[PDB]
Amino acid sequence: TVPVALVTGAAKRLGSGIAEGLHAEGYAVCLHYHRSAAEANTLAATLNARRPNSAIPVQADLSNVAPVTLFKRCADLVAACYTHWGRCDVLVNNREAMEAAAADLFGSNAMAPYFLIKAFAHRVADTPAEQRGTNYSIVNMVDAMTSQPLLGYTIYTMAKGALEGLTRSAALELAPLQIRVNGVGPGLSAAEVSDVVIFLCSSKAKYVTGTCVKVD
Amino acid sequence: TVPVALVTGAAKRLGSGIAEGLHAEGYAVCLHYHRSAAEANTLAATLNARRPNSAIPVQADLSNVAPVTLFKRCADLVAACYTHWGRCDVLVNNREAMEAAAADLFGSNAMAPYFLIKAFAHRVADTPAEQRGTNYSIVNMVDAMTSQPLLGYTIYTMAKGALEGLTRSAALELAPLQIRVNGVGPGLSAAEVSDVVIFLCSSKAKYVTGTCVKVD
Amino acid sequence: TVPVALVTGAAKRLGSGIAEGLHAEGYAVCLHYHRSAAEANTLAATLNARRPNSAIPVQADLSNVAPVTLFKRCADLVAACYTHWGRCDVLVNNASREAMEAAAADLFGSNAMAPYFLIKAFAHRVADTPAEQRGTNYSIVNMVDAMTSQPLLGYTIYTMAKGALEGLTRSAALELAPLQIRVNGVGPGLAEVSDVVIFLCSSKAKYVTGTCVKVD
Amino acid sequence: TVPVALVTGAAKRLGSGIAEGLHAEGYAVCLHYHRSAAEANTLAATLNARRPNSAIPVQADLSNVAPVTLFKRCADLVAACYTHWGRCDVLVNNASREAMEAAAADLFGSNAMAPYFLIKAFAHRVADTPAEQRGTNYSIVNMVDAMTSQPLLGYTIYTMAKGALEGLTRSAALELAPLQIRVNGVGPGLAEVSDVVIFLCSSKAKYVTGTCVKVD
């Protein structure tokens, strides 16, 4: 046993902090990326150097269109974890021009987590009982407006809403396989949300599912 | 003054009833369709015959991909109403194979209403003060599971959630232009929801916005 | 065989409107008051003037405090309808140092419990009526008032009270649904409101229950 | 300068766990009881056994009913911490014919108001402390119990009570945020729970407030 965490958007502002923090706790991290390959590798450099083969970068396109389906690209991201360490215990989902753009950011921000969670669960489902880890938890992040800046009020509230239903609904559907699913949002530092994430992923939080954490 | 209602999915089971009912009340209806052109025209036949030039069918593709954006296809649907009657007072939003499908049904069911509402409001915004109608209301329908049958529990709950936030958020954002926005869902006949829709669209409901109606 | 409506706090302001509006639709009205005799009798006379035997005033303390229990007082008020007219089809619940604090407690409990008990009695009376002898459209409306119109309450205790009342509405809807009794609420958005009341009570709302209507 | 925690209903079952758990983290604990003297003294002795001057029992009636007002009783219980230890940093609120009905009313008001008043007093004490002299981590936890563990309540009145309590949590969080006092809730999903309490009270939750944690 050494547990494994997949942090999507792992080189972004938040994701990195979550990643540093899950790694400090003794998790092996998969550091997901699209655009930011260099920073992925810096981060992987820093952690592996601190503790060897404890981190991998992995590129994945989390957009609405990459013809390869998002459903499949998502399943492949989770697969990177199994190929490389053979388990995945933790998932953290972190003008016409403008309009089509906002609609697409809406789609992947709801649909990527959905498919990343189908995938995560499918694998746990397939792992045999004896060889399953003991503490599977999924955290959906939701963000302030400042961090979804290319936004009007309304679209943001739609995305929060679906994310909100993802969390409560999977919490339920996925309890038979012992998978907790929780959320962290604002609120009506990076170091800060990280402690929440660490607690929800910790053994302390075994009986906690369905819960939308609020922060500041 | 004779008010105008746009009922998307207007030949489907529910939509038709809503349409017959808004028309009985004295609304001129635009009967939206994609696949079901024949039934659109039967319905238009029945109402115009009952009361002349009081109904038009209009085809629109409400899918996620029809390269023409949904944003634009939506704006064009609302435009059909203005071209033909010069006003629009009422909007009613009514295997990899399987997965991409569900993701797409998710996208258009959240995003079509969003863009149908941007469009509706834009026009009202552009109409001059003197020539605006007096009672603009928008109703978002949400449906039982039986009517979104190609579904798992979770996806359905995501869509409800975004729809839910659309309704509350626009209610707010769109109150300066006097546009009420409300929802009708189940519940935790066709004739039945129709009366709710008629009331929310009626002058009786002037001070009602933000409200999610529940039914049975 | 003319429907009967029980409006608590009929004597002054929102109560009167609602009673007046309901009366103008042809219910017989029972106008509860506590301290405002002039107002309840004046109003009842006016109404009885317009249509004979159509209104009565009925006195009750609905504060929270045998010396008579709140339950019994609430049961007798509901009984004053049967006695007088044979039936009761509609209930509208209008909410109305160390010293401020105990009074703010008393108020809180009074606003939650009086409706709770009223709803209990109403419903027990329905259940005692032989099956074939019941009315065809039982509905209950819980009014929530703006923070600004009940000045003795801090933000917190107000929210508490709003929370108790939403619970009762949603709870009682589910719990009474077998007796075909609908329970709904009118509250402020984020005779104005009498039309919503008329609607919820109307035969057109036969399937609306457990709804919190938002009015501003 | 050792932190002090006030647990209502410490005497039996969930209360004891929580007090025990909090105590095992090194708070000084004030163990409220009403009727169960044996339980509160036994437990306090055990704890004081393990570490001297680390626990005391303190008696209070927290029912809803000068003859002493609930407010004053709640103020004095909170005062029994200052008096004894100089400070109070953590509050945990554990909820615990015609006749059943009046008792079910009394219970309801007691469960909403006792916490409300407790939170008032706690917070007044914080505010009277000169600025530079306050503790660094004030937190409040409102426990909600399962329907099954408080048998005297119908579904409806329970939901009412749950609603009052969620209101207080979310309300008091916003209202006390200027005094750097956090308010959160633990409730059932749709020493198990002591770890969540420890967490919410811990320095790692400095930015968590207004959260309803869901535990089953």
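Coordinate-derived values only; no laboratory data. Cβ sites come from the backbone with ideal geometry, for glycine too, and all protein chains shown count toward neighbours.
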Unmet requirement for A:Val139, which otherwise passes all of (1) buried (at least 23 other Cβ atoms within 10 Å of the Cβ); (2) out of contact with any helix residue (DSSP H, G or I) (no Cβ under 9 Å at 6 or more places or on another chain); (3) outside any helix (DSSP H, G or I):
(2)
Give the range C:66-79 a look and list any residue that's under 25 Å from C:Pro130 (Cβ atoms) and surrounded by 18 or more Cβ atoms within 10 Å (Cβ to Cβ), or say none.
C:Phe71, C:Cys74, C:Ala75, C:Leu77, C:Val78
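Could you list all residues from the range D:171-194 that are at the interface with another protein chain (Cβ under 7 Å from one of its Cβ atoms) and surrounded by 22 or more Cβ atoms within 10 Å (Cβ to Cβ)?
First, pick out the residues of the range D:171-194 that are at the interface with another protein chain (Cβ under 7 Å from one of its Cβ atoms): D:171-172, D:175, D:189-190, D:192.
Within the range D:171-194, D:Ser171, D:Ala172 meet the criteria.
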C:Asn142: passes all of (1) in contact with a helix residue (DSSP H, G or I) (Cβ under 9 Å, 6 or more places away or on another chain); (2) away from every other protein chain (no Cβ under 13 Å) but (2)
When you scan the range C:136-159, do you find a residue that is more than 18 Å from the chain's Cα centre (by Cα) and either of a type in the set (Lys, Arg) or more than 23 Å from D:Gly167 (Cα to Cα) (or both), even just one?
yes
Tell me, which residue of the range D:195-216 that is outside any helix (DSSP H, G or I) and more than 7 Å from chain A (Cβ to nearest Cβ) is farthest from D:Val2 (Cα to Cα)?
D:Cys212
The one condition C:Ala37 fails out of (1) surrounded by fewer than 16 Cβ atoms within 10 Å (Cβ to Cβ); (2) among the aliphatic types (A, V, I, L, M); (3) in contact with an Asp or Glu (Cβ under 9 Å, 6 or more places away or on another chain) is (3)
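Right, B:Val181: within 15 Å of C:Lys214 (Cα to Cα), part of a strand (DSSP E or B), within 14 Å of chain A (Cβ to nearest Cβ) and not small (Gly, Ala, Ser) or not? Write out each step before concluding.
Working: within 15 Å of C:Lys214 (Cα to Cα): yes; part of a strand (DSSP E or B): yes; within 14 Å of chain A (Cβ to nearest Cβ): yes; not small (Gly, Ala, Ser): yes.
For B:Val181, the condition - within 15 Å of C:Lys214 (Cα to Cα), part of a strand (DSSP E or B), within 14 Å of chain A (Cβ to nearest Cβ) and not small (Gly, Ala, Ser) - is met.
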What are the residues in the range A:200-209 that are within 9 Å of another protein chain (Cβ to nearest Cβ) and crowded, with 23+ Cβ neighbours inside 10 Å, if any?
A:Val208, A:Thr209
Using beta carbons and a limit of 7 Å, which pairs, at least six apart or on different chains, have the first residue in the range D:184-205 and closer than 16 Å to A:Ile198 by Cα and the second one among the charged types (D, E, K, R)?
D:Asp195/A:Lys204; D:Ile198/D:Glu25; D:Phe199/A:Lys204; D:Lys204/A:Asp195
Among (1) in a helix (DSSP H, G or I); (2) closer than 16 Å to D:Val213 by Cα; (3) more than 14 Å from the chain's Cα centre (by Cα) - the single one A:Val213 does not satisfy
(1)
Can you tell me which residue among B:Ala121, B:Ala112 is among the hydrophobic types (A, V, I, L, M, F, W, C), closer than 29 Å to B:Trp85 by Cα, within 13 Å of chain A (Cβ to nearest Cβ) and touching an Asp or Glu at 6+ places or on another chain (Cβ under 9 Å)?
B:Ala121
Selection from the range C:95-116 of residues that are surrounded by fewer than 24 Cβ atoms within 10 Å (Cβ to Cβ) and farther than 23 Å from D:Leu62 by Cβ:
C:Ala95, C:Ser96
Conditions first: (1) part of a helix (DSSP H, G or I); (2) over 16 Å from the mean Cα position of the chain (by Cα); (3) facing another protein chain (nearest Cβ under 8 Å); (4) among the aliphatic types (A, V, I, L, M). A:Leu188 passes all but one, so which condition is the exception?
(1)
Of residues in the range B:134-176 being more than 18 Å from the chain's Cα centre (by Cα) and more than 14 Å from chain A (Cβ to nearest Cβ), the one nearest to B:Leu6 (Cα to Cα)
B:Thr134
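Looking at C:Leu43, C:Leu70, which one is of a type outside the set (D, E, K, R) and more than 14 Å from chain D (Cβ to nearest Cβ)? Please lay out each step first, then the result.
Working: C:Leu70 fails: more than 14 Å from chain D (Cβ to nearest Cβ).
Matching residue, one of C:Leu43, C:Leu70: C:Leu43.
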Evaluate the following for C:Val186: is it assigned to a strand (DSSP E or B) and of a type outside the set (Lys, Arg)?
yes
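Among the candidates D:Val78, D:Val65, which residue alone is within 14 Å of D:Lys120 (Cα to Cα) and of a type in the set (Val, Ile, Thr)? Give the derivation first.
Working: D:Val65 fails: within 14 Å of D:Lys120 (Cα to Cα).
The match here is D:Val78.
Given the criteria over 19 Å from B:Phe71 (Cα atoms), small (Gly, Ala, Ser) and in a helix (DSSP H, G or I), does B:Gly161 qualify? Step through it out loud before you land on a result.
On the way: over 19 Å from B:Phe71 (Cα atoms): yes; small (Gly, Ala, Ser): yes; in a helix (DSSP H, G or I): yes.
So B:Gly161 passes the test.
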